[PDB]
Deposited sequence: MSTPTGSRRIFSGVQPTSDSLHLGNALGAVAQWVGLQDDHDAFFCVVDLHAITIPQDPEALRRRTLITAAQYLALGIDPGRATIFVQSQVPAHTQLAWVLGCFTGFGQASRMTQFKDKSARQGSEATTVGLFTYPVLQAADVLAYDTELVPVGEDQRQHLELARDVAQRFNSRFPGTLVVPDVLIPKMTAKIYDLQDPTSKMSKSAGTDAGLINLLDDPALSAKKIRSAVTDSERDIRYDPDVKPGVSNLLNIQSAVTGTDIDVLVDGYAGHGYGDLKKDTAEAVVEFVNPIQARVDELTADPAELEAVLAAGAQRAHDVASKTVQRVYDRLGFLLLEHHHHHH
């Protein structure tokens, strides 16, 4: 319809989403898109906060969209679009920066774009009257700024911006690195060794799961605190399977960590193959992906430009 409005975005900063993106974010999107009016964005403007190769950035914009479909985003149920194609984001970003404290952006955990991108992220969400933002844990402080500036703006102009609720999971809120269970799996960690990429060679990812840092307790128990690597593997295995962790952990009574890494690599391999097949097709036959993105952008402009003119009108701009 047009309510329970959802918005979330991933950066085209690499040739593959990793498990963090797919289980911590896109999995939530897939569950939600059924009864939520959803907008899913490849946020290429954010990518260039860091220097980007032009050939790769265009390639990765499509590859990221396609991974959205290969994870189950349904272009009949949701809108996929590329951020740079909707001018409203930057328009709203300028306005919102005028309502963002300098210290407020300083305290976010060097270029101007590196300093202001949380404001652009704020405009990304608020531009679509978003009710709910499915993100992982690391995007939380960002979206608390987005809500503060929305309330800051609404106090001067009541009823203009929707204040969004932050919808972040529990299990999957942070998929940690496999060699470094203290850090989150992310695209700039130096080693893809702890990095499980959706589109990597499934036997390569399986070999990283086998080399996952565990403890010595010889006990398969879910405690993210003291058993980081081990709780990660179960977190991962539970997410790619649909099986609750407790039902796994009890099934792992008597088992050691070898059986744990085997089953998790078993399941990740069976997870990523249907994805890689879908992604391959979409890259070799781009007609579909570009039709989706083209309809996506027109629908996004239809919504986001109306928000911008409402904000502009409230500010006193001549329309």
Point to revise | Deposited-sequence stretches lacking C-alpha coordinates, listed in sequence order | key: 1 to 4, 114 to 126, 337 to 344
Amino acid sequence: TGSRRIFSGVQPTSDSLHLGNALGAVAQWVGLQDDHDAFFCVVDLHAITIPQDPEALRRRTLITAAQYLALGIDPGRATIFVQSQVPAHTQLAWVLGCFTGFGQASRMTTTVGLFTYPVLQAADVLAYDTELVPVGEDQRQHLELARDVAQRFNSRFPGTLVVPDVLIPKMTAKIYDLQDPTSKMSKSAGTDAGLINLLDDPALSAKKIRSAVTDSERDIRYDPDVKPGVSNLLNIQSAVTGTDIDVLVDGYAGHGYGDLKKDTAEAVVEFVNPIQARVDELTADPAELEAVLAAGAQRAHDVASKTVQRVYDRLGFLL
From here on, numbers count along this sequence of modelled residues.
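Note that the rigid core is defined as the largest set of C-alphas that superpose within 1.5 Å between two forms.
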Exercise for review: Any chance you could tell me whether 111 to 119 or 169 to 177 drifts more in 5 other deposited structures of this protein, judged by RMS CA distance from this form after superposing on the core?
Suggested key: 169 to 177
**Study point:** More variable segment, 83 to 91 or 180 to 188 [Cα RMS over structures in 5 other deposited structures of this protein, core-superposed]
**Key:** 180 to 188
Check your understanding: Looking at the entry, does 151 to 159 or 185 to 193 show the higher mean C-alpha B-factor?
Key -> 185 to 193
Check your understanding: Hey, which bit's got the bigger mean C-alpha B factor in the entry, 81 to 89 or 171 to 179?
Key -> 171 to 179
Revision key, fill the gap. Reading the B-factor column for Cα atoms of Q121, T100, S216, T130, the highest value belongs to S216
Review point. Of the options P75, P134, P164, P228, which has the highest CA B factor as deposited?
Key: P228
Exercise for review: Comparing against every modelled residue in the chain, figure out the third that the C-alpha B-factor of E270 lands in (lowest, middle or highest).
Suggested key: highest
Practice item. Consider only the C-alpha atoms of the modelled residues in this chain, order them by B-factor as the entry records it, and name the third containing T64: lowest, middle or highest. Key: lowest
Exercise for review: Comparing against every modelled residue in the chain, figure out the third that the C-alpha B-factor of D263 lands in (lowest, middle or highest).
Suggested key: highest
Study note, to complete from the structure: Assert third(CA B-factor, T116) within chain per record equals lowest
Exercise for review: Taking the chain's C-alpha temperature factors as the reference, tell me which third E55 falls into: lowest, middle or highest.
Suggested key: middle
